[PDB]
Amino acid sequence: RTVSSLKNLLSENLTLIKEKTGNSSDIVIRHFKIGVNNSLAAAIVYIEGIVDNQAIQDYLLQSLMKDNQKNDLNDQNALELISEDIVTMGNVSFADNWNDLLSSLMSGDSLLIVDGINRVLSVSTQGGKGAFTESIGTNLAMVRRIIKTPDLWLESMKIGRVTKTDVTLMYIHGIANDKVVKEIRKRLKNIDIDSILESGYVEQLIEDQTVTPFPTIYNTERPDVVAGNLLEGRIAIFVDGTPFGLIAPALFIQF
C-alpha cells in the first residue's frame, strides 16, 4: 500500500497538485494569510462549479475568526484551531497522503493547506433534462461530477479563424494516446470551428455533403456519453455557446 506523504512547505504542495492534476483550468487556488502579523501563508484549493464554497471562502479570505486568532498565535495548532469553526460550515476530514487528498478534491471538497503543517483539511458542503448548456464552466462541472479522477486533464484555448472563441479540451492522461492528443490539439489551434459546426446543420447535411478533415467530431448533449468516450481514450471539446460536447475522433476503433 505505497503512499506518498505530504510536503511540509505549502509551495511544494501547490506545485505537486498542479503537476498531478495536469494544471487543469478549473482547479482554483486562493492564496491568503493567517496569524497575528499575517506571517503564515495558507491556500484554499477547490474544483470550480462542483462545490458551494462561498461561506468557507468568506470565513477564510475575510479572516472571520478573530478573537481566538490571538488565542493560538498560529504555526503549530493553526489548522486544528481553524477546523473548530469550519466544522459548523461543513463536514471536516483530514488528509496526510496524496491519494486521500486528490480523491477528496475530485469529489468536490475544499482543501485547506497551511505553510508548514503537512496535513490537509478537507471540508464537504454536499450530503448525497440534465443536458449540457451554452456555458463551458457548467459543462466542465457536469463531466467532473461523473469522472472523479485527477488524471482528467482540462486545457483551455482560444481558437478561431476571423475572431477568437473560448474552448476547453478534455482527455484522461494515461488512458488517451499522447500522439492522438497532440494531433487533435494541433488541428484545433488552426480549425475553422464555425465552418465545421455549420457543416453539421441538418440543412447543410441534406444538400452540401462536404468531406470532413481529421478529426471527425461527434456532438452529444449527454455528459455520461462524454464520460464513456473519455474512459475509452477519446478527447472531449467544449466550445463557448454550443450546448453539447464534441467527441474526437468520432470513429475510434481500439484493439
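Residues numbered from 1 in each chain as written, not as in the entry; some residues may be left out. Heavy atoms only, no water. Residues with missing side-chain atoms left out of burial classes, pairs and counts.

A. Summary view of the overall build of the protein. Tallying secondary structure elements over the protein gives nine helices and 10 strands in all. Taken along the three principal axes of its C-alpha coordinates, the protein extends 75 × 35 × 35 Å. (Helix = DSSP H or I, 4+ residues; strand = E, 2+ residues; numbered from the N terminus.)

B. Molecular detail of the domain arrangement of the protein. Domain assignment breaks the protein into domain 1 (1-125) and domain 2 (131-254). Measuring from the centre of the C-alpha atoms in domain 1 to the corresponding centre in domain 2 gives 33 Å. Each partner contributes residues to the interface: domain 1 has 16 residues there, and domain 2 has 12 residues. Contact with domain 2 buries surface across domain 1, with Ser-25, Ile-50 and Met-106 losing the most and accounting together for 44% of the total. On inspection of domain 1 and its partner domain 2, the count reaches one salt bridge. (Domains from an automatic or database assignment. Contact = heavy atoms within 4.5 Å. Buried area = accessible area lost by both parts, 1.4 Å probe. Salt bridge = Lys/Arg side-chain N within 4 Å of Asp/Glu carboxyl O.)

C. How the structure looks around the packing of aromatic side chains. Enumeration according to the criterion identifies two aromatic pairs in this entry. Arranged with centres 4.9 Å apart and planes meeting at 70°, the rings of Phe-132 and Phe-238 form a pair that is edge-to-face. Of this pair, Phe-132 sits in the loop between β5 (120-124) and α5 (136-146) while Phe-238 sits in strand β9 (residues 235-239), and the two are 106 residues apart along the sequence. For the pair formed by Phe-132 and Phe-238, the shared burial category is buried. Between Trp-153 and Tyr-171, the aromatic rings sit 6.2 Å apart at their centres with planes inclined by 70°, giving edge-to-face as the arrangement. Placement of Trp-153 in strand β6 (residues 152-159) and of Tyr-171 in strand β7 (residues 165-172) is noted, with a sequence separation of 18 residues between them. Of the two residues, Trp-153 and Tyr-171, both sit in the buried class. (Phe/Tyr/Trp six-rings, centres within 6.5 Å; stacked < 30°, edge-to-face > 60°. Buried < 20%, exposed > 50% of the residue type's maximum accessible area, 1.4 Å probe, protein only.)

D. Broad picture of the nonpolar core. By size, the foremost hydrophobic cluster in this structure holds 22 residues, and its most contacted members are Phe-32, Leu-60, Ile-82, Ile-86, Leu-112 and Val-114. Breaking this core down by element, the ones donating at least two residues are β1 (27-34), β2 (40-47), α2 (54-62), α3 (78-86), β4 (110-114) and β5. In terms of residues, this core owes the most to one element, α3, which gives five residues. Those residues in contact with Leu-60, other than ones at most four positions away along the chain, are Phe-32, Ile-34, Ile-44, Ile-82, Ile-86 and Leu-112. (Core = buried A, V, L, I, M, F, W, Y, C linked by side-chain atoms within 4.5 Å.)

E. Inspection of the environment of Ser-4 at higher detail. Within the fold, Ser-4 resides in the segment before α1 (10-20). With a relative accessible area of 46%, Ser-4 lands in the partly exposed category. Once the C-alpha coordinates of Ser-4 and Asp-96 are considered, the two residues, 92 residues apart in sequence, prove to be 8.9 Å apart.

F. Region of the structure containing the packing of α5 against helix α9 (residues 223-232). Where α5 contacts α9, the two axes come as close as 9 Å, and the packing angle between them is 60°. Crossing geometry of α5 relative to α9 is assigned as right-handed. Side by side, α5 and α9 meet where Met-142, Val-143 and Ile-146 of the first sit next to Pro-223, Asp-224, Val-226, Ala-227 and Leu-230 of the second. Looking at side-chain class alone, the contact of α5 with α9 contains seven nonpolar, no polar and one charged residues. (Axes fitted to C-alpha atoms, helices over the stretch in contact; angles between N-to-C directions. Left-handed = near helix turned anticlockwise from the far one by under 90°. Nonpolar A, V, L, I, M, F, W, Y, C, P; charged D, E, K, R; others polar.)

G. Molecular detail of the side chain of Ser-122. Among the structural elements, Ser-122 can be located in strand β5. Of note is the side chain of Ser-122, whose polar atom sits 2.8 Å from the side chain of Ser-104. Filtering out sequence-adjacent residues up to four positions away, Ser-122 remains in contact with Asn-91, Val-92, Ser-93, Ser-104, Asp-109, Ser-110 and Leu-111. (Polar contact = N/O pair within 3.5 Å; in protein donor to acceptor, adjacent residues only side chain to side chain.)

H. Here's a closer look at unusual backbone geometry. Residue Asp-67 is bonded to the preceding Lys-66 through a cis peptide linkage, with omega at 0°. As for its placement among the helices and strands, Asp-67 is situated in the loop between α2 and α3. Here the phi dihedral of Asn-74 falls at roughly 45°; this positive angle occurs in a residue that is not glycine. Mapped onto the elements, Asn-74 comes out in the loop between α2 and α3. Within the chain, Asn-118 stands out as a residue other than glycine whose phi angle is a positive 80°. Position of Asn-118 relative to the elements: it lies in the loop between β4 and β5. The exposure class of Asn-118 is partly exposed, given its relative accessible area of 23%.

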